[PDB]
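**Student:** Enclosed are the sequence and the experimentally obtained structure.
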Amino acid sequence: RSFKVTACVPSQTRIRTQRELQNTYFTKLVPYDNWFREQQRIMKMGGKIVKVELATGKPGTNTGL
Amino acid sequence: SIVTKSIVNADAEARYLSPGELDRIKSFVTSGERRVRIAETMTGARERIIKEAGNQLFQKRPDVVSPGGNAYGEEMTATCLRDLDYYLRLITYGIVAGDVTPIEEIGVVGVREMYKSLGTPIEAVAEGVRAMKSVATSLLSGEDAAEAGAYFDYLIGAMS
Amino acid sequence: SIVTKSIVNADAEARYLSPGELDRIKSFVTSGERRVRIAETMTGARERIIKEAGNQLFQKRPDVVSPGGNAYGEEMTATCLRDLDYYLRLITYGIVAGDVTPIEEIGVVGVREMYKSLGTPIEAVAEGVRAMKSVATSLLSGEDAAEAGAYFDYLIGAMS
Amino acid sequence: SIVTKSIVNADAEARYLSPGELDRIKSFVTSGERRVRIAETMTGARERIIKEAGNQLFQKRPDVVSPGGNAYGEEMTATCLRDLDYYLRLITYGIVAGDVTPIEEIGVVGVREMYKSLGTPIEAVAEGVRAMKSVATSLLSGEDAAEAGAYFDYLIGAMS
Amino acid sequence: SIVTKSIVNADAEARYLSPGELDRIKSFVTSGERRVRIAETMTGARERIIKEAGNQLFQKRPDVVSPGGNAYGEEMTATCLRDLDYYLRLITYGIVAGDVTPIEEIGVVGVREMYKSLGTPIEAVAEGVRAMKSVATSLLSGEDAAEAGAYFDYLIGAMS
Amino acid sequence: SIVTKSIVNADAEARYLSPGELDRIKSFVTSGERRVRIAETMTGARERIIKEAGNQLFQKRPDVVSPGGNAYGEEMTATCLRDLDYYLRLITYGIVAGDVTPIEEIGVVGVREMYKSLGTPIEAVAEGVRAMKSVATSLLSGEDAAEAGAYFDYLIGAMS
Amino acid sequence: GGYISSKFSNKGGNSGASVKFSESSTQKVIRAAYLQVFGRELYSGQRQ
Amino acid sequence: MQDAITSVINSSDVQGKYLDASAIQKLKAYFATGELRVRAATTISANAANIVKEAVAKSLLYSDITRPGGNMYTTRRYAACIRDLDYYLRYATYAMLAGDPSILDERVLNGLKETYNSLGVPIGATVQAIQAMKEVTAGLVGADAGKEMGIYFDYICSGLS
Amino acid sequence: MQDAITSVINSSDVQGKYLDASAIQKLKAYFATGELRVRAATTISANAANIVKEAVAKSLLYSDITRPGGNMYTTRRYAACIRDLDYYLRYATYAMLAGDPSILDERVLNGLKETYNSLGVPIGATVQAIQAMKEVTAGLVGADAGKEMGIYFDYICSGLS
Amino acid sequence: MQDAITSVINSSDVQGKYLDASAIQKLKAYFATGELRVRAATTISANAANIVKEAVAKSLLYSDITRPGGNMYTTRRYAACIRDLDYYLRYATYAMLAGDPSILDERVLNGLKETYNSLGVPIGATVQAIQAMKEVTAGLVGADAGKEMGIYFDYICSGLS
Amino acid sequence: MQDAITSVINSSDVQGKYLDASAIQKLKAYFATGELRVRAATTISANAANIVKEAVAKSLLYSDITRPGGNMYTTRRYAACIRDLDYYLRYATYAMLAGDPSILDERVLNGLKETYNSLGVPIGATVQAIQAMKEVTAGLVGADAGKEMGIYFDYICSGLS
Amino acid sequence: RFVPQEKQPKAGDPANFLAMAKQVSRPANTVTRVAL
Ligand SMILES: *[C@H](C)[C@H]1/C(=C/c2[nH]c(/C=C3N=C(/C=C4\NC(=O)C(CC)=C4C)C(C)=C\3CCC(=O)O)c(CCC(=O)O)c2C)NC(=O)[C@@H]1C
Ligand SMILES: CCC1=C(C)/C(=C/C2=NC(=C\c3[nH]c(/C=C4\NC(=O)[C@H](C)[C@H]4CC)c(C)c3CCC(=O)O)/C(CCC(=O)O)=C2C)NC1=O
Ligand SMILES: CCC1=C(C)/C(=C/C2=NC(=C\c3[nH]c(/C=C4\NC(=O)[C@H](C)[C@H]4CC)c(C)c3CCC(=O)O)/C(CCC(=O)O)=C2C)NC1=O
Ligand SMILES: CCC1=C(C)/C(=C/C2=NC(=C\c3[nH]c(/C=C4\NC(=O)[C@H](C)[C@H]4CC)c(C)c3CCC(=O)O)/C(CCC(=O)O)=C2C)NC1=O
Ligand SMILES: CCC1=C(C)/C(=C/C2=NC(=C\c3[nH]c(/C=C4\NC(=O)[C@H](C)[C@H]4CC)c(C)c3CCC(=O)O)/C(CCC(=O)O)=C2C)NC1=O
Ligand SMILES: CCC1=C(C)/C(=C/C2=NC(=C\c3[nH]c(/C=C4\NC(=O)[C@H](C)[C@H]4CC)c(C)c3CCC(=O)O)/C(CCC(=O)O)=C2C)NC1=O
Ligand SMILES: CCC1=C(C)/C(=C/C2=NC(=C\c3[nH]c(/C=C4\NC(=O)[C@H](C)[C@H]4CC)c(C)c3CCC(=O)O)/C(CCC(=O)O)=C2C)NC1=O
Ligand SMILES: CCC1=C(C)/C(=C/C2=NC(=C\c3[nH]c(/C=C4\NC(=O)[C@H](C)[C@H]4CC)c(C)c3CCC(=O)O)/C(CCC(=O)O)=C2C)NC1=O
Ligand SMILES: CCC1=C(C)/C(=C/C2=NC(=C\c3[nH]c(/C=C4\NC(=O)[C@H](C)[C@H]4CC)c(C)c3CCC(=O)O)/C(CCC(=O)O)=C2C)NC1=O
Ligand SMILES: CCC1=C(C)/C(=C/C2=NC(=C\c3[nH]c(/C=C4\NC(=O)[C@H](C)[C@H]4CC)c(C)c3CCC(=O)O)/C(CCC(=O)O)=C2C)NC1=O
């Protein structure tokens, strides 16, 4: 049950002399049971959630996760 | 199911499923023509199991029938049989599945939340479920209730 | 054993044991008489197994007897037949314990770095267990060869 | 290249390149023609450095030629020459860059999971390429066989 | 030094040393016979440097030694010339290491927090070092100008 | 602000607001008419504060107004005041919010990279914003010179 | 090959890729990830 | 993450000027209504579970999604939903003291719009629930603070729809 | 990840009907041929490092694709595509026991299309490798279960091409 | 991350050939100009602050981009102007030492069309900042390698625009 | 077919009561916005070959999809794809004219979710084309009526995803 | 004290040791094998 986020987050307080292109464009896959503790982490950072996608199976299926 | 729990465990070890567990699926499929009698007997007594286990519960906890509990009135004792029937509509989904993977995702995973959110104490809910799975063990055979009664009594410790 | 997978995979979620996993416990203590007769017969002909499956292994892979290989001379082939007797003993533990785990801990999790530090080929002993299972399933019964031959099949399938 | 190893050594700490490090690049440019003279001596004398040193490997390890082993006389010993010819090609890729990584990314990164699936002793390749570069140092000089000597020994310590 | 961080970059990957940086150690130790020759010239004329770097500083920023400034007094300059004498000790440590981590671990890391506390301005001590850079590069020839002035650059750009 | 700090601290523990913290906001809102007239004490006299600290900065440091310095000429001097005009606007935002949180996100988090790139000395700004402090608190009252001056003294130590 | 998902319209990957430099720069992150969480190098039959 | 005092600061900063007389007329308007916002913050956070147990009772408890065929029979899906409607009560009361809808934007509204489309749940049942949450919360805190909490409920409601 | 047993459980609770008569012969069809699958899935694990011996040696070993210039010529690209074939066998055997290809499109087929068009992997070489490994399993499990294994092998090749 | 040294390794590998005599003179073509890149890379590294001040002074510092409402108005953003301009200078001299613009497409020009769009950074301003940075580093190096430096700056500006 | 007039007829008829005040507040809101919706339905029908063009020329041309390999390579796939995007826009304007998405529940979202997975149509690209067609339409009709299509454009996207 | 665990008798399984000497030919020459 994995999602597929794509997240644009800026650097809040620090001016990072290394590149950190990947630290502004997490387009990772997060599973369902730990997305919502993870979604608030981007949300408290001031990031922007662009899209979320169901990379796994069908919604509404109440068994088999 | 027991097929489903074995293959997700073998994915975690990143190997094929073990010959210890391959006995169990082989034991599940020779008992696949053993599990189906438990499923059909609960069809023939689902109007008999629930209508007796309510009064078994209401003689154990008559705080519910008193005015002020969460099932008081004829419109309110409808759900205190309907939520019990819904749990009888969960075991037969997992008798033939063998284990608790349809028991969890329909019944268990947030059941501390919504009965608190509806105001019903789950200790009364688990009591009638325990009152249910004394009558269903007496209805089934001594060999049927030896394993399904162990499977019956998961839900009482899972709820409360 | 059967408990050692189940007592760990339910401790990690910090729950009590699910009654699908209590089938796995029930599932065998009824097989513990049948699991004990086979390892008594395996130990009872453990000299005939190593002297036969060690013999025609070298008709299949004659390289390790040949000079330039590791087991040149009788002083190393008898050292080589220690690992045949060790793995025969580790089969008989795993049949009695019931599943995959005691042969995995004692004789598997270092063998890509033990045998590389010894310089011996890691694939050639994997040929020998298929002959060790050839002589063993040739001497036991037919109904236990689907059980006892499969515990051989794990220590093949994680060796090569 | 030694240019390419220098940038990622500076880009990890997000830095412009050190002028002591540009001395290594400026020494690499004025000694760039010398390494091309090293590489043509290998490619010109390829047919005397492969059939000899492979035969040194077969004299050191006569396990290889014998049946039951990895090689056999008609083409399997011939294709263990071309699987040995690839590494001499990778050394000549490595010495003209002044760097290890043309030996790395083509012929190091997955050789253990390759040759276990191919069924050859990976240590015999390492003893074979040790026999390859023992005669390669005596080929060209005593001066140029030291800083090209530093790229010979790495592939020995990559197989094991 | 180069050798003490080529260890750590190779230790945290748990690898042995690559031969690319073994060139970097080998080119460093044959440069050791000429880098200490720079440091013997630097410590031989420290009193010619420190007296001249004081008078090139105090003409540029005359407010710090005029009263109302921090270095006012007969002895308060004598500590403040000594506080600039320490950076000549460290640059001779940075010359013989070929590196800048003895500048870093000794004379960089908390240098903003000292002079904020003591009250001297942080750029005014940095302007003495570029005044010290103009005389110490005038002590040496052309090929020792950039090799000494690079470590002078790093102490300027860190404090400012 | 105190409203912003009390939410974000209480959001991270997933709790509502404490009654100790709700009376913090309740006194903060009702005293907001006190703080806005401290803000209009400065913006009513902003063009005098710039001009007096304009004369007070170039007296104590005349190299920035000198030819060669970074504010030389009637347009190149016009800018340094206009930069001081920004910091009246920033500190007036800080008294209104009751915190240095609009000082952070607007004004102070990148000054150590900006003026090093722009060539102006940060300590030249750090006295001009300190001469701003002496001309402001003479115009304010007694008690709020500790209140507004804490936003002044935050801009000194975060500058230098 | 780069970030394959979230298309990232221009990439000059050189998908032929005889020698990339990027394989060593991602091999030693993986070895350092094992070296911190397990604290040691893992055995070769165990690394997922 | 901002509040109504710093949003007036930010609307004056990005325009350019100082605290002009239009902003002080806006800022003094916040300090007058800020007294009632605290006295309605406590009586929501007292009855935070009592609101959401009644707001589900107006619209959701006997409908399409209790007879089999919808979102909530699966016990995790109903318990997420009571927990989702709990967090609307927390963030609107975070929006009530802060005096702006922009705290709801960087905490609720940006992510949640595309998940509910992707997870197949109805937004139309959610906006029916928050409007049912609006008609009970005005009864608890009083009507005059109900016009305050009716703003940020609608910003969730217009934002999700 | 869910099997055919959970799938008929999934299609029975959601409409409000009990465990009816028509669901039983879907399960009895599973319970009839489920004894065949445990005889099948053990023998694949006997040859799980031996099918991949034959996987290269039938269609990939002494070909021009392995000759320098092709896609399968590097040691980092060789060993990455034996594990990429070994995973396609192991997840097939999970589906051999599932009675369902619904372990494939969660863990195998989720990003597998776009990662081969981007990495330069030829699609036609894989389906000439995977469909070649259908018939060697037909000599190891017998006639009928290889035709059952040919369903999920074609479900790979329907979901790869 | 291909060097011009490694590019002729990349072409000679996929031919299946050794170090060809055509590849020898191509390596000597890089080795001849390699003296004129090491002597020009020291000038850039000693003038990185002495270039990027003079690139923003020609095109950036007095416009509607440093006013309030401008994109680089506050010093949180102005420090992320110079540093995001410093990457285009620090990676310019990186490919100058390699003679190959493949470093720019893997490390720099990777998501920058997409990243600057979803922050609000105008691409039409920073394309002029690079071209103003090209005309100042041409005089600091000379017309030999300033021809060679200048082919990377529009190469950045091609995929950025 | 349920108009927003006829929707509150049917919700009043299932109770069998007359029109209350809160039902009339749906009508008098709907009678207020009558002239706004009629102005939008004219200017879409005068531009319905250009709204369908600037949606696909923004989001889908020169992409993966118009290139050979997936789903819009041939012309008959392109004619079928512009047949859908014309029909979505023509069915969105009826819900703008009705004020109820029951047209989209009855005439569009019946077989469409099932027939796209059954055909191999990418839902994730055609949920983007209607999403790209919204801000063309919100600019073409004016943002007062541009906030009116956004309920009924994304009612397709709530159903089709 | 000298035994504990040893099956000394290799005895019968050995031995072959026929052995062989192997020649050298060019790798490039298609000995390696090229399918298609
Ligand atoms: C377009 C950018 C996307 C796309 C379109 C596409 N669709 C089809 C096939 C069909 N489309 C429909 C659509 C509808 N039926 C309805 O009732 C309504 C509501 C008014 C709609 C929108 C139907 C029924 C079909 C199948 C029958 C037919 O002949 O068209 C195709 C053709 C597929 C093929 O293989 O030929 C295409 C290309 N597909 C894409 O790639 C885009 C994401
Ligand atoms: C190595 C390849 C690479 C680069 C270059 C890169 C840049 C980059 N520039 C950024 C921001 C920024 N970039 C600018 C850019 C500019 N200011 C202007 O006015 C001009 C138009 C332009 C420079 C001339 C600004 C103002 C910000 C801050 C706004 C934001 O947070 O995005 C950020 C956001 C994080 C932060 O710095 O706070 C990144 C990651 N990322 C990468 O991976
Ligand atoms: C409990 C798990 C376990 C096992 C099974 C084991 C075997 C084992 N094999 C050994 C040596 C060895 N074992 C072999 C065996 C073989 N090489 C081959 O070519 C064949 C494939 C195979 C036998 C047919 C050989 C050749 C040596 C000697 C290695 C040498 O002399 O370099 C030794 C050291 C010698 C001794 O103590 O007598 C042990 C302990 N050790 C363990 O810890
Ligand atoms: C440059 C990076 C690189 C390497 C290293 C590489 C190796 C490689 N070695 C191979 C085979 C082989 N390699 C050997 C080698 C040996 N057997 C022995 O007895 C000896 C101990 C040993 C070498 C001295 C043999 C016998 C085969 C054929 C195996 C078979 O056909 O089953 C093959 C398969 C056939 C071929 O295409 O040549 C490859 C691809 N390919 C690459 O792209
Ligand atoms: C090697 C590492 C190292 C550093 C960095 C160091 C700094 C240092 N500078 C000091 C004092 C001082 N340093 C100065 C320096 C100056 N006044 C000026 O106006 C000029 C800008 C500047 C020097 C050119 C002055 C005036 C004092 C005395 C401060 C006082 O007594 O109030 C002191 C206190 C006196 C003491 O403890 O001996 C220390 C520790 N000592 C070290 O061992
Ligand atoms: C609100 C946050 C904020 C800050 C801090 C800021 C600084 C800032 N100061 C600037 C220039 C400048 N700033 C100064 C100011 C000074 N130089 C001096 O010599 C004086 C000592 C000193 C003032 C105390 C001058 C003279 C320039 C122009 C320098 C040049 O053009 O080379 C510039 C470039 C041109 C411009 O003003 O648009 C910026 C962006 N801008 C901002 O938006
Ligand atoms: C199949 C999975 C499933 C679960 C777990 C479930 C729980 C569940 N029980 C409910 C109500 C209820 N459940 C009960 C049952 C009880 N309360 C009592 O006091 C009795 C003692 C006790 C039974 C032991 C009652 C009385 C209600 C309605 C509560 C109310 O109207 O206030 C409701 C809200 C109404 C509805 O839509 O059904 C849910 C979702 N429903 C499900 O479909
Ligand atoms: C604080 C900002 C924020 C919001 C608002 C939010 C929503 C959110 N709602 C979710 C699930 C859910 N929400 C519902 C909601 C409902 N069921 C119904 O019938 C009603 C229409 C509605 C509520 C009464 C359902 C059925 C699911 C499960 C659907 C799924 O499994 O994806 C999930 C996935 C797991 C989780 O609960 O954490 C998130 C992340 N997340 C956030 O971070
Ligand atoms: C569990 C489900 C699953 C599968 C099936 C899977 C495949 C997979 N194959 C990959 C690469 C690869 N796949 C191949 C494939 C092949 N080479 C050939 O000769 C043939 C065309 C084909 C034979 C199978 C090659 C060569 C690469 C590496 C690309 C490279 O060399 O850079 C990669 C990229 C990462 C890497 O291995 O470097 C993934 C993720 N991943 C998964 O998670
Ligand atoms: C194999 C069958 C096949 C056809 C028929 C086909 C047509 C086709 N032509 C296109 C564009 C185009 N086609 C043309 C061609 C022309 N306009 C002129 O004035 C020229 C005289 C004329 C050439 C005959 C132009 C100019 C565009 C770009 C239109 C635009 O970008 O607005 C596009 C959109 C871009 C894309 O995704 O590919 C398609 C799909 N593609 C195909 O794969």
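**Tutor:** That came through fine. Numbering: from 1, shown residues only, chains lettered A, B, ... in the order given. Ligands and ions are numbered 1, 2, ... in the order given.
**Student:** so what's the residue in chain L that ligand 7 sits nearest to up against?
**Tutor:** Going by CB to the nearest ligand atom, ligand 7 is nearest to residue L:35 of chain L, at 58.3 Å. For every residue, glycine as well, the C-beta is placed using N, CA and C. With contact set as CB atoms under 8 Å, 6 or more residues apart in numbering or on different chains, residue L:35 has these partners: I:59-66.
**Student:** try it again with 7 Å
**Tutor:** Residues near residue L:35 by CB atoms under 7 Å, 6 or more residues apart in numbering or on different chains: I:61-64.
**Student:** Count the neighbours of residue 7 for me.
**Tutor:** Answering for chain A, as no chain was given. Residues near residue A:7, counting by other CB atoms under 10 Å in any protein chain shown, number 23.
**Student:** my bad, the chain I had in mind was chain L
**Tutor:** 16.
**Student:** Please tell me how far it sits from ligand 3.
**Tutor:** In this view, residue L:7 and ligand 3 are 10 Å apart by CB to the nearest ligand atom, to the nearest Å.
**Student:** My read is that that residue contacts residue C:85, right?
**Tutor:** Yes. Counting by CB atoms under 7 Å, residue L:7 does reach residue C:85; the two are 6.1 Å apart.
**Student:** Contact partners for whichever residue of chain A sits closest to ligand 5?
**Tutor:** Among all residues of chain A, residue A:17 sits closest to ligand 5, at 24.2 Å; criterion: CB to the nearest ligand atom. Listed by CB under 7 Å, 6+ apart, the contact set of residue A:17 reads D:14, J:83.
**Student:** now do 10 Å
**Tutor:** D:13-15, F:113, J:83, J:86-87, J:90 (CB atoms under 10 Å, 6 or more residues apart in numbering or on different chains).
**Student:** Top of these by number of neighbours, please.
**Tutor:** Of those, residue J:90 is surrounded by the most neighbours, 23 neighbours in total, counting by other CB under 10 Å.
**Student:** close enough to count as contact, that residue and residue D:13?
**Tutor:** No. Counting by CB atoms under 10 Å, residue J:90 does not reach residue D:13; the two are 11.9 Å apart.
**Student:** Excluding chain neighbours, what is closest to the residue positioned nearest the centre of chain B?
**Tutor:** Most central in chain B under CA atoms, centre = their mean is residue B:91, positioned 4.2 Å from the mean C-alpha point. Excluding the flanking residues, the one nearest residue B:91 by CB to CB, 6 or more residues apart in numbering or on different chains is residue B:152, at 6.7 Å.
**Student:** Could you do residue H:75 as well?
**Tutor:** residue B:110 (4.7 Å).
**Student:** What count of nearby residues applies to the one you found?
**Tutor:** Neighbour tally, residue B:110, other CB under 10 Å: 19.
**Student:** Roughly how far does residue A:46 sit from residue H:104?
**Tutor:** As for residue A:46, its distance to residue H:104 is 14 Å (criterion: CB to CB, to the nearest Å).
**Student:** Out of these two, name the residue with the larger neighbour count.
**Tutor:** Taking neighbours as other CB under 10 Å, residue A:46 and residue H:104 compare with residue H:104 leading, 21 against 13.
**Student:** Secondary structure element holding the closest residue to the more buried one other than its chain neighbours?
**Tutor:** In this structure, residue H:104 finds its nearest non-sequential neighbour in residue H:95, 5.1 Å apart by CB to CB, 6+ apart. Per DSSP states H and E, residue H:95 falls inside helix H:75-98.
**Student:** Tabulate the CA atom coordinates of that helix in CSV.
**Tutor:** What follows is helix H:75-98, C-alpha atoms only, in CSV (Å, rounded to 0.1, in the frame of the first residue of the first chain):
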residue,chain,number,x,y,z
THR,H,75,-12.8,-0.2,11.3
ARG,H,76,-9.6,1.6,10.3
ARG,H,77,-11.6,3.7,7.8
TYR,H,78,-14.2,4.9,10.2
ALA,H,79,-11.5,5.6,12.9
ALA,H,80,-9.4,7.6,10.4
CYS,H,81,-12.5,9.6,9.7
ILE,H,82,-13.3,10.5,13.3
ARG,H,83,-9.6,11.3,13.6
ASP,H,84,-9.7,13.4,10.4
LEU,H,85,-12.7,15.3,11.7
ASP,H,86,-10.9,15.7,15.0
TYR,H,87,-8.0,17.5,13.2
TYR,H,88,-10.4,19.9,11.5
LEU,H,89,-11.4,21.0,15.0
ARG,H,90,-7.8,21.5,16.1
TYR,H,91,-6.7,23.5,13.0
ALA,H,92,-9.8,25.7,12.9
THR,H,93,-9.2,26.6,16.5
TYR,H,94,-5.6,27.2,15.5
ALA,H,95,-7.1,29.4,12.7
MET,H,96,-9.4,31.2,15.1
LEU,H,97,-6.7,32.7,17.3
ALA,H,98,-4.4,33.4,14.5
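**Student:** Name the nearest residue to the residue of chain G positioned farthest from its centre, ignoring sequence neighbours.
**Tutor:** Largest separation from the mean C-alpha position in chain G: residue G:9, at 21.5 Å (CA atoms, centre = their mean). Closest residue to residue G:9 apart from its sequence neighbours, by CB to CB, 6+ apart: residue J:113 at 6.2 Å.
**Student:** Next, count neighbours for that neighbour.
**Tutor:** By other CB under 10 Å, 15 other residues sit near residue J:113.
**Student:** wait, it sits on residue J:160?
**Tutor:** Yes. Between residue J:113 and residue J:160 there is a contact under CB under 10 Å: 6.5 Å.
**Student:** so what sits against both of these two?
**Tutor:** Counting by CB under 10 Å, 6+ apart, the residues touching both residue J:113 and residue J:160 are G:10, J:123.
**Student:** before we move on, the earlier item: roughly how far does the residue nearest to the centre of chain B sit from residue B:136?
**Tutor:** Distance of residue B:91 to residue B:136, computed by CB to CB: 8 Å.
**Student:** Could you do residue H:86 as well?
**Tutor:** Distance of residue H:86 to residue B:136, computed by CB to CB: 36 Å.
**Student:** ok, now residue B:63?
**Tutor:** Residue B:63 sits 24 Å away from residue B:136, going by CB to CB.
**Student:** which residues in chain A form helices?
**Tutor:** Along chain A, counting by DSSP state H, helices occupy A:36-44.
**Student:** Residue most distant from the centroid, it?
**Tutor:** Here the centre of chain A is the reference, and by CA atoms, centre = their mean the most remote residue is residue A:63, at 24.9 Å.
**Student:** Look up phi and psi at that one.
**Tutor:** As for residue A:63, its main-chain torsions (degrees, to the nearest 10) stand at phi -120, psi 160.
**Student:** Pull the contacting residues for it.
**Tutor:** Contacts for residue A:63 (CB under 10 Å, 6+ apart) come out as B:1, B:4, B:93-94, B:97, B:101-102, B:104-106, H:74, I:2, I:6-7, I:9-14.
**Student:** how about stretch H:123-139 as CSV, C-alpha atoms only?
**Tutor:** Written as CSV, here are the backbone C-alpha positions of stretch H:123-139 (Å, rounded to 0.1, in the frame of the first residue of the first chain):
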residue,chain,number,x,y,z
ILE,H,123,-15.4,15.1,-0.7
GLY,H,124,-19.1,15.8,-0.8
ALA,H,125,-19.7,13.8,2.3
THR,H,126,-16.8,15.6,4.0
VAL,H,127,-18.1,19.0,3.2
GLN,H,128,-21.5,17.8,4.4
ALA,H,129,-19.9,16.8,7.7
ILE,H,130,-18.0,20.1,8.3
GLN,H,131,-21.2,22.0,7.5
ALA,H,132,-22.8,19.8,10.1
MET,H,133,-19.9,20.6,12.4
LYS,H,134,-20.7,24.3,11.8
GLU,H,135,-24.2,24.0,13.0
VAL,H,136,-23.4,22.4,16.4
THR,H,137,-20.3,24.5,17.2
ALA,H,138,-22.3,27.8,16.9
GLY,H,139,-24.8,26.3,19.4
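**Student:** Since that was my last question, I'll sign off now.
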